[PDB]
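Two forms, one protein chain; structure tokens for each follow separately as structure 1 and structure 2.
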Structure 1
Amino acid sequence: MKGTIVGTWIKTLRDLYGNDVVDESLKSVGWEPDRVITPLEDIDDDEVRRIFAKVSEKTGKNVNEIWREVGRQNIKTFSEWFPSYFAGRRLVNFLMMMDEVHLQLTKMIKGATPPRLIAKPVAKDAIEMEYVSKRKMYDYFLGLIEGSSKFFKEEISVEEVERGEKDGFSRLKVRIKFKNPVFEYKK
């Protein structure tokens, strides 16, 4: 994982659960609590895994619930980093465009490997979006969608329709329903 996102995860945990929940979890993996992380350095994913587990232990929350909440928060932060990915979009545009956006981000943040997110309009008012990765961060995936709904102020319902691990990849498909048609024809 790139320092860019991780540095942000740390700071988001700090806002969510407090400083010396985060301080002590950081110590748990042998980091000084005020460790400075650079945007392009490589952080061991397992260290991140261990950090989030400790926060869970310390907070009484399941880690999946924490990843979800962090996913919710991060949409706003991403919107500050790259407002032009958000500007003038419908929510459904934003979600359908996200795989292509992640691909452009890999050309700008060397070594970044965001997941594949192929989205498909399956009905007049719904898409299916499939998360595909070597990393299995289902809950973060869902939180980011929820956070996207809040950012665009378009209500959705999200249902998991499929989950699975095949040939080294984690996969998760959701069906997302909107209040208006995806491709509405109007007067």
Structure 2
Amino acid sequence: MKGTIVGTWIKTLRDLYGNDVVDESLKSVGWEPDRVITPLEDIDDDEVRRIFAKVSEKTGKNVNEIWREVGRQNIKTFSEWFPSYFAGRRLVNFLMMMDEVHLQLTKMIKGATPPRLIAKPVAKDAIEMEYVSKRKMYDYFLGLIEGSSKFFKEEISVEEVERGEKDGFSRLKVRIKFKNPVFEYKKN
């Protein structure tokens, strides 16, 4: 997992559960105190899993609930650390550019496996976004979407269209419907 992104999760976990829980969890995996992660750094997915397992143990909360809460709260963290991706954008534009952003931020990582997040308009007021990744981080995915709605102050309804798993890849397709129209038909 891209290091700086794990960095956002650490900050978000501190916001949710406190420095004691987080410090203890990072200590359990040998994380240097006040460790600063650099842009080219990659952090083992298993290390991330172990950090979250410790937070779960200490807070008594199920790991899936933690990922859901982290997703909901991490958008704020992203808006502070990566402000350029939010400036002058509407929620629909933000969501539609995510697939490209994830490809961009993982390009120079050995064995890059970013999640695919292809979104496609399906109506004047809705898009279908399909999460595809071997990591099966459904709760985090859904949480970020909810947090994005809150950050952009644009109400949406989210319905699952379908989910599945094949050859190690998990997929979750959701239909995101906006209160007001966001698209209009134009000649192709």
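Only residues modelled in both forms are compared. Note that the rigid core is defined as the largest set of C-alphas that superpose within 1.5 Å between two forms. Every residue number counts along structure 1's sequence, beginning with 1.
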Of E159, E162, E154, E57, which is the single residue whose C-alpha shifts by 2 angstroms or more between structures 1 and 2 after core superposition?
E57
Answer yes if the Cα of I10 shifts by 2 angstroms or more between structures 1 and 2 on a rigid-core superposition, and no otherwise.
yes
Would the C-alpha of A87 be classed as shifted by 2 Å or more between structures 1 and 2 after rigid-core alignment?
no
Take the rigid core as the frame of reference and indicate whether the C-alpha of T113 shifts by 2 Å or more between structures 1 and 2.
yes
Once the rigid core is superposed, tell me how far the Cα of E47 moves between structures 1 and 2, in Å to one decimal.
4.7
Between structures 1 and 2, how far the Cα of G30 shifts once the core is aligned, in Å
8.2
In Å, how large is the CA movement of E69 between structures 1 and 2 relative to the superposed rigid core?
1.1
Of the residues shared between structures 1 and 2, runs of 3+ whose Cα all shift 2 Å or more on the rigid core are 1-66, 107-114, 184-187
